[PDB]
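Right, one structure below, let's go through it.
Neighbour counts run over all protein chains shown; Cβ positions are idealised from the backbone, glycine included. Where a number appears in this text, it was derived from the coordinates with a stated rule and is not lab data.
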Amino acid sequence: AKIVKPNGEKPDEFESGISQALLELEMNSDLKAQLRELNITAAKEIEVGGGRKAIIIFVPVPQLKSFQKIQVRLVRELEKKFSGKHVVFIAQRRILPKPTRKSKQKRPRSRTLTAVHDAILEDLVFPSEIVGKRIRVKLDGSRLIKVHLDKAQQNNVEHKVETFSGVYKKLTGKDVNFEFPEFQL
Amino acid sequence: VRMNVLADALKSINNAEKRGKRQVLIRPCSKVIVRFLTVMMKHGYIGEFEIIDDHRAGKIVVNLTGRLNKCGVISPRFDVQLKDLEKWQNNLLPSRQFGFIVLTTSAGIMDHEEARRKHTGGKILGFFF
Amino acid sequence: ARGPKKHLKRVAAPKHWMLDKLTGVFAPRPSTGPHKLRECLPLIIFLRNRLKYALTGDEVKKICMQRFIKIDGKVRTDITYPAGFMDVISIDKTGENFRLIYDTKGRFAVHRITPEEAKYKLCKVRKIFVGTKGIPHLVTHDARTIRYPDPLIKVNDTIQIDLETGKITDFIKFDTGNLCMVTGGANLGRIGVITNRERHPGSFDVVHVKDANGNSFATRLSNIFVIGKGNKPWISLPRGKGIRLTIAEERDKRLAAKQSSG
Amino acid sequence: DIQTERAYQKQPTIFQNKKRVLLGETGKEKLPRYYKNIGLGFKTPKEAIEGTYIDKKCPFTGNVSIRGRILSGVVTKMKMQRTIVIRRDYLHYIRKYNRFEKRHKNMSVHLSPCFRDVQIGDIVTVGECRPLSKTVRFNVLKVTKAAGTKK
Amino acid sequence: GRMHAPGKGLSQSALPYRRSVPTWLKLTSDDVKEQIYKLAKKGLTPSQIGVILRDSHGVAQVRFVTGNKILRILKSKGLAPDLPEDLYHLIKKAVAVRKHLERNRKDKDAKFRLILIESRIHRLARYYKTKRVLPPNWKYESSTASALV
RNA sequence: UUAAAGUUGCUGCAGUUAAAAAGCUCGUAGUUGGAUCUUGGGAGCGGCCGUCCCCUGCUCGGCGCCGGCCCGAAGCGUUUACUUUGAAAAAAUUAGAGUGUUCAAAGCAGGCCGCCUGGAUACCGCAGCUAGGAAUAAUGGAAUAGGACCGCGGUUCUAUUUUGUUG
């Protein structure tokens, strides 16, 4: 139904339940005027470290800002649809490998790993945009990036920083922290 | 104009080390500067530093400790072989018990002892002791 | 100059003759023959400094003019005839035969053989030729033209010929796994097994040869002489078997021999 | 277009005076082209097969053997007939001052008229052959276009 | 510092860190494209177009709200000028200086400034030749400067 | 003539006053040129980690498994510098293995009561060949799209395993 999987293979049961909840929600509500062409790409269910879980919902690139136009309502509708598990919106971006002399179109820099990871981090939280990134390198050589979020709309996304760190460690693979500074604004 | 960013970074680090400051602000960063600072971290000469990420070119704030004597950069990048490294050891280091030469090999930016261990050579970058 | 040279200096000589430095000015320049100038051994040098039968240059001439020296079943009276790789030296009076085989180092060696071994000769073929009336011809490394060979004989193969007749007996193909010898350069006289042959169009090809203990080296295609089918050589090998042990085990075995002998 | 000289230009492999069925049309007025492959992975282009020029110093349709060295250079001048000058750049190392100096020495190579879409500054591949003139010892095998030239 | 001046300047724009469209802006990229087309039909440079949009219409940059810059949009629509605007302004300034020197022959400083302006013109024209914006047979001269505006 | 000469300074000199910044500016050749493109783990050994396998593909085999898969190869991979290995690179001389010429400079001899030997090895600048690595520096992709892929429509010359034994 709502599943548009990029390869013609079998959608998962929890992803099918997500799509069924989305289609039932767009029938029972008035949002169907802005949900006729918007489609889910894929979904995943990971284990956030502790007693909580999270839902990752995959979004096509040219329909991203259509989901950002109504991102405020569907997160609380999926919170009241489920029990206590948080939900995020992450766009689906293809990652192209770095060319080598051992191995043709020129690879665009929007498909690079750094740009894809930065776009995933910026699209990870919508209501609070990033107003600064600091990278802490510890004495063992590992990287630990701390992310500053804006003062406006803080209490909506204050309790989700652990889930954001968990899903960013699962999708990307490096540790991230979040902070709300009080210096500028 | 600004032509060697790494030489400027190690010059500012050495100047603030001789002055006695505890934090150094390098305005332009590079990947080479990150690898050089990682080597200086792993051999225990500098402390725990940062990357100030803006959208043009990042800044680096280095927490200093009083273990650094001098940081220098050999310009230009002279190609050195494995039999020519000992010449640099005698005319660049103050002693044989300590002192390190950072050189750019194909296996990555590393010191001279790991370069002798992996049996490879490359281009010169600098030195610290 | 104005013509061909006729003299050879002692210091301006190939080192594998292994001459001294002060007993004369001139070297025995080998005569024109089947083999080249660098990779050959004259009868005067062999019979004077290897077998020690003669003392001066006149005495080896008096040996050679009594028709006692036989090369490939033929009596050669030349005092400076070039005897090259796998040339059979037969003495009828004393009664033994020799085969000129390289050892581990870059030199010739004295290697006695049985008379039944001294009736054939391994030789490398050089090029495939077609004669006047469509008759095939075969050119070996010692310049022995063979008429009517087998059609399966290719350029880089090797054949075994009969000395008293001059006909092809049997042949060994050049492929991976065959035991071979290196003839020339730094790798000289090493017995090994062929494992690879890289192809370079327009230049000299290079092969990869593996030793009997896991060691490997590489030579050109022109410095390859196949001596056997698989891992079995067709001739008798000298002592050491062309292994090229380096200087440390040579020092250790010399110390062990000096300890066991005293 | 052909035979602008005092002597007739012909290929000395093809016999063009063979008897025909009618000495007219429908099976005539098409000379059989002679060409060969020079080896070393160099493909014979189609215009040398489909062309009408008759040259003795052409690497493909001529009596010239290619062996020895294969070099490269950039095209400098196109003034004299069927022979161009290429430029080669290298780095010369000095033992005393641990640095480099860069020199150039240009050489003249013979241009077959098979390659017509050639300009100044193109990467060219040359191969050694027999001496065709006083200062010419190389022939053009392939042409690589310069930076840009999208139209 | 400068190229033909001993002074040193530190007067340039400083973009903010945030590259996101603000929530108070109510202009979709097609509307600002239409406004750019209207201002280009009024005969304005892309720099003046950016000045007018930033001052009146409240946008920060076109590039932060649209995936192309102003000159890229004008080249995609096909009404950009055939000559770059900075080189055109330099030619106009050189024409004005030469017109001043047609009647005043005692002004050595203006001749020095004319030499500096022509050196800057040739330096920019070499870069525009290497970037294949200008044809290779283009050349700045005196009589060529009078026919061109 | 060499070292002393850090008094020719590439390593490694000086230019306010001791010898020495062109009166100033523009400017071609030359030299030098900002940041940025693939990160982290898995299967493990011992007490987080010095070692070990992994993060390029589409016509014949044989090296295996059930015509198919797999591996190996005809054929190929944007080009360079740099770095490591291999080939070839005359001898003498240089370093250096062995050896009581009475020692040594030398020499390639010699020692056991017919036999055993040795007559090594390294270096050989640059340029030329070859095989692994992509950190460092320069070059090119697609912007007026004839952009990369995918399957459908035609213009020319030709392959005998196939239109009863014959034009």
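A compact table of results
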| read-out | value |
| --- | --- |
| For E:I52: the one exception among (1) more than 30 Å from A:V131 (Cβ to Cβ); (2) surrounded by 13 or more Cβ atoms within 10 Å (Cβ to Cβ) | (1) |
| All positions within region D:71-114 that are out of contact with any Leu (no Cβ under 7 Å at 6 or more places or on another chain), near RNA strand F (Cβ under 8 Å from one of its atoms) and assigned to a strand (DSSP E or B) | D:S72, D:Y90, D:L91, D:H92, D:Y93, D:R99, D:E101 |
| Qualifying residue in region C:178-194 (condition: within 14 Å of another protein chain (Cβ to nearest Cβ), within 10 Å of RNA strand F (Cβ to nearest atom) and in a loop (DSSP other than H, G, I, E, B)) | no |
| Failed item in (1) within 14 Å of chain A (Cβ to nearest Cβ); (2) in contact with a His (Cβ under 7 Å, 6 or more places away or on another chain), with B:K42 passing the rest | (2) |
| Residue check for A:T114: within 15 Å of RNA strand F (Cβ to nearest atom) and either on the phi > 0 side of the Ramachandran plot or within 14 Å of chain B (Cβ to nearest Cβ) (or both) | yes |
| Candidate set from region E:1-25 (those that are among the basic types (K, R) and surrounded by fewer than 10 Cβ atoms within 10 Å (Cβ to Cβ)); member that is farthest from RNA strand F (Cβ to nearest atom) | E:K8 |
| Qualifying positions in region A:119-147 - more than 19 Å from A:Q63 (Cα to Cα) and within 15 Å of RNA strand F (Cβ to nearest atom) | A:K133, A:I135, A:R136, A:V137, A:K138, A:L139, A:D140, A:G141, A:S142, A:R143, A:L144, A:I145 |
| Criterion (farther than 21 Å from E:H4 by Cβ and surrounded by 12 or more Cβ atoms within 10 Å (Cβ to Cβ)) met by exactly one of E:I121, E:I73, E:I117 | E:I73 |
| Residue match in region C:29-47 (condition: more than 28 Å from C:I161 (Cα to Cα), touching a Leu at 6+ places or on another chain (Cβ under 7 Å) and within 16 Å of RNA strand F (Cβ to nearest atom)) | yes |
| Residue match in region B:50-65 (condition: more than 14 Å from every other protein chain (Cβ to nearest Cβ) and closer than 16 Å to B:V32 by Cα) | no |
| Region D:115-149, residues that are of a type outside the set (A, V, I, L, M), within 12 Å of RNA strand F (Cβ to nearest atom) and more than 14 Å from the chain's Cα centre (by Cα) | D:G121, D:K145, D:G148, D:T149 |
| Of the criteria (1) within 14 Å of chain D (Cβ to nearest Cβ); (2) farther than 22 Å from C:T140 by Cα, which one C:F204 fails | (2) |
| Within region A:117-153, considering residues that are touching a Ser or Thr at 6+ places or on another chain (Cβ under 7 Å) and farther than 24 Å from B:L37 by Cβ, the one farthest from the other protein chains (Cβ to nearest Cβ) | A:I120 |
| B:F36 being within 12 Å of chain A (Cβ to nearest Cβ), of a type outside the set (V, I, T) and touching a strand residue (DSSP E or B) at 6+ places or on another chain (Cβ under 7 Å) | no |
| Pair list, Cβ < 9 Å and 6+ apart or interchain, from region D:90-103 residues that are within 11 Å of another protein chain (Cβ to nearest Cβ) to residues that are part of a strand (DSSP E or B) and more than 6 Å from RNA strand F (Cβ to nearest atom) | D:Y93/D:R99; D:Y93/D:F100; D:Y93/D:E101; D:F100/D:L91; D:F100/D:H92; D:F100/D:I94 |
| Residue check, D:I84 surrounded by 10 or more Cβ atoms within 10 Å (Cβ to Cβ), more than 14 Å from chain C (Cβ to nearest Cβ) and either in contact with a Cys (Cβ under 6 Å, 6 or more places away or on another chain) or not aromatic (F, W, Y) (or both) | yes |
| Some residue of region B:1-19 being within 14 Å of another protein chain (Cβ to nearest Cβ), more than 15 Å from the chain's Cα centre (by Cα) and within 25 Å of E:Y17 (Cα to Cα) | yes |
| Residue ID - surrounded by the most Cβ atoms within 10 Å (Cβ to Cβ), chosen from residues in region C:58-85 that are in a loop (DSSP other than H, G, I, E, B) and among the small types (G, A, S) | C:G84 |
| Spans of strands (runs of 3 or more DSSP E) in region B:20-129 with at least 3 residues away from RNA strand F (no atom under 12 Å from the Cβ), closer than 15 Å to B:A7 by Cα and polar (S, T, N, Q) | none |
| Region C:216-236, residues that are away from RNA strand F (no atom under 15 Å from the Cβ) and either basic (K, R) or surrounded by 15 or more Cβ atoms within 10 Å (Cβ to Cβ) (or both) | C:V226, C:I227, C:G228, C:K229, C:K232, C:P233, C:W234, C:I235 |
| Only one of A:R134, A:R101 that is among the basic types (K, R), touching an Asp or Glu at 6+ places or on another chain (Cβ under 8 Å) and either surrounded by fewer than 11 Cβ atoms within 10 Å (Cβ to Cβ) or under 29 Å from E:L15 (Cβ atoms) (or both) | A:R134 |
| Failed item in (1) surrounded by 14 or more Cβ atoms within 10 Å (Cβ to Cβ); (2) among the polar types (S, T, N, Q); (3) within 16 Å of RNA strand F (Cβ to nearest atom), with C:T158 passing the rest | (3) |
| Residue count for region C:195-214, restricted to those that are more than 13 Å from RNA strand F (Cβ to nearest atom) and either among the small types (G, A, S) or not in a loop (DSSP other than H, G, I, E, B) (or both) | 3 |
| Residue check, D:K57 more than 11 Å from RNA strand F (Cβ to nearest atom), in a loop (DSSP other than H, G, I, E, B) and surrounded by 15 or more Cβ atoms within 10 Å (Cβ to Cβ) | yes |
| Qualifying positions in region E:26-48 - in a loop (DSSP other than H, G, I, E, B) and either touching a helix residue (DSSP H, G or I) at 6+ places or on another chain (Cβ under 8 Å) or within 14 Å of chain A (Cβ to nearest Cβ) (or both) | E:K26, E:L27, E:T28, E:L44, E:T45 |
| Residue count for region A:69-95, restricted to those that are more than 14 Å from chain E (Cβ to nearest Cβ), over 14 Å from the mean Cα position of the chain (by Cα) and either surrounded by 15 or more Cβ atoms within 10 Å (Cβ to Cβ) or away from RNA strand F (no atom under 16 Å from the Cβ) (or both) | 12 |
| Only one of D:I66, D:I49 that is under 27 Å from D:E5 (Cβ atoms), within 16 Å of the chain's Cα centre (by Cα), within 15 Å of RNA strand F (Cβ to nearest atom) and of a type in the set (V, I, T) | D:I49 |
| Helices (runs of 4 or more DSSP H) within region E:54-135 that include 3 or more residues of a type in the set (S, T, Y) and away from chain D (no Cβ under 14 Å) | E:108-130 |
